[PDB]
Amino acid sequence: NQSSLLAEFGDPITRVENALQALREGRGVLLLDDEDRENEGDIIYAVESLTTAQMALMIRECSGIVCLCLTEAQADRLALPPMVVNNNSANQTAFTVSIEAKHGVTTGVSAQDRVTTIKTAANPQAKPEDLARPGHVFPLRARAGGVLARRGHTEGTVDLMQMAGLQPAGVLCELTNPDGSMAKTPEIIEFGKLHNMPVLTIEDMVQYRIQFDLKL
């Protein structure tokens, strides 16, 4: 039972509030989506405080397909169209064209290079010409309305940033077991305890937003 396992991280309101405070402190959090959706937990970091060490942990412990969650306005500013005109992926995951920093990286895949690319993209004064395409960082357009419009990790990421009062850009990647299977709730909980990362669910976020009448 997921709610019973998660109980040690506090009740749902506490789980959200602890996640927001972690992010304000520059720490990562772990976000589980619905059991009947992906049933996956993603590491989430605020771009504002992103470090090479955080990126390195993500690469080593997750899928390695590290995504950059952006608002529609920031993706527009960067001139990042959807990768595909007609998306037919199972979840309609909103991949834009992939990106690299135009300057300041080599092959784009080291922890340092991915952070450079991500900081370059997230710069509120960025220009499209600041980014080469294609690249090794994968931006996602978060849906307007956040988790009340789409219950994906993309929306959970941007909603967490906004709720925490942070700049609305986050990085996201799926926690993966050494044998290649995807982490489920017990493994996610274990990882959170190891790395001082709050664990919460998308339903936690949805209930929180509903209760506190939160338009973002």
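Just so we're on the same page, rigid core means the largest C-alpha set that superposes within 1.5 Å between forms. In this text, residue numbers run from 1 along the sequence as written.
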{"item": "29-37 against 185-193 - segment lying farther from this form in 5 other deposited structures of this protein (CA RMS, rigid core fit)", "value": "29-37"}
{"item": "Third-or-more of other entries without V137", "value": "no"}
{"item": "Coordinates absent for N91 in a third or more of other entries", "value": "yes"}
{"item": "Stretch exceeding the other in mean C-alpha B-factor - 114-122, 71-79", "value": "71-79"}
{"item": "105-113 or 90-98, whichever carries the higher mean Cα B-factor", "value": "90-98"}
{"item": "Candidate residues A22, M205, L194, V199, the one whose C-alpha B factor the record puts highest", "value": "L194"}
{"item": "Ranked against its chain, the third holding the CA B-factor of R151", "value": "lowest"}
{"item": "Lowest, middle or highest third - CA B-factor, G170", "value": "lowest"}
{"item": "Third assignment of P134 from its chain's C-alpha B-factors", "value": "middle"}
{"item": "B-factor third for the C-alpha atom of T157 within its chain", "value": "lowest"}
{"item": "Chain thirds of CA B-factor: placement of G64", "value": "lowest"}
